[PDB]
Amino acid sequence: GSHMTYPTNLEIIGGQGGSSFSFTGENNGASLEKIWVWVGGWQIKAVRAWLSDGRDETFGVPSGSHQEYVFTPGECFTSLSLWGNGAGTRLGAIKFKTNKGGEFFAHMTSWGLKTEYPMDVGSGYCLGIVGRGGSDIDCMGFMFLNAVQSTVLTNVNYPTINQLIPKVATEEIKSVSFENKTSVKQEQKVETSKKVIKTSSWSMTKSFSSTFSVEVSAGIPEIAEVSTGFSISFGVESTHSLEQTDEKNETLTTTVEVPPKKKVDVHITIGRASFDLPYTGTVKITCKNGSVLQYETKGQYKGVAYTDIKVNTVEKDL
């Protein structure tokens, strides 16, 4: 009496004839983006579906006009019912509603509807359609991702990071000169403060990111100024949000020595690095029921990072 759970929820309605089809984003997390439905007197006649990855297929043989539903990013099912044709030989009707308040109802036109089969839409995120068809839709179901516990982008790599040439803009913070006209040493304390706004973002298809809160477990590109010049490093792995911004007052206290009968110019700056480079990773979806769906992904990472505050001191005679 062991029990198996799955990351998808699929209930197929209709008859036993025709040829099998499966048209879903189980491979890559694509969702149903658009659907056209044709009907006949005693069946759903045909269905054409588009997934968010651009796939486009037709099942059954269209006749007459079609009805359309176009899903916008983030627009999930809230409810779905299917009917057979009452004879156990075809799909008869499709009714659904969405979280944007849309409704869609397509049905056979001669025979009345009998038993309604209301479906659990899981998370509401529809991965596509599975069934059998020939001339008509013999049977079909809508496949949903089950309710999710977590959605994580992990195993993140930046394949070009070690080829990247640092682009670092100088931001001026402050400059001041000191004078020592005596023949003794002087010291001057200089304190510095500067707001820095650090950002990270990993690109993802908007339909997926609109529906799910994606946690990122990744290192990010980092910038420092070192001996020969600027250096880019692949930082240590930590938890981020998909788009993240943090701000801080970065500060420094510097003691400048002023040697006798000399002028000392103090120049205080910081470097601002932009990052714009591709990444690879794995999307791991863990469902409430304990099952997992995962797939490889790629995108673009954009980040802003700052160096440490830098103090440059130049001596003159005077």
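Numbers for residues come from their place in the sequence shown, where the first is 1.
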query: Higher-B stretch (mean Cα B-factor, as the entry records it), 241-249 or 98-106; finding: 241-249
query: Of 146-154 and 202-210, the stretch whose C-alpha atoms average the higher B-factor in the entry; finding: 202-210
query: From 166, 133, 141, 124, residue of greatest CA B-factor; finding: 166
query: Candidate set 32, 270, 293, 266 [ranked by C-alpha B-factor, highest]; finding: 266
query: Ranked against its chain, the third holding the CA B-factor of residue 40; finding: lowest
query: For residue 56, the third of its chain into which the C-alpha B factor falls; finding: middle
query: Residue 221 - which third its CA temperature factor falls in, relative to the rest of the chain; finding: middle
query: Relative C-alpha B-factor of residue 20, binned into the chain's lowest, middle or highest third; finding: middle
query: For residue 78, the third of its chain into which the C-alpha B factor falls; finding: lowest
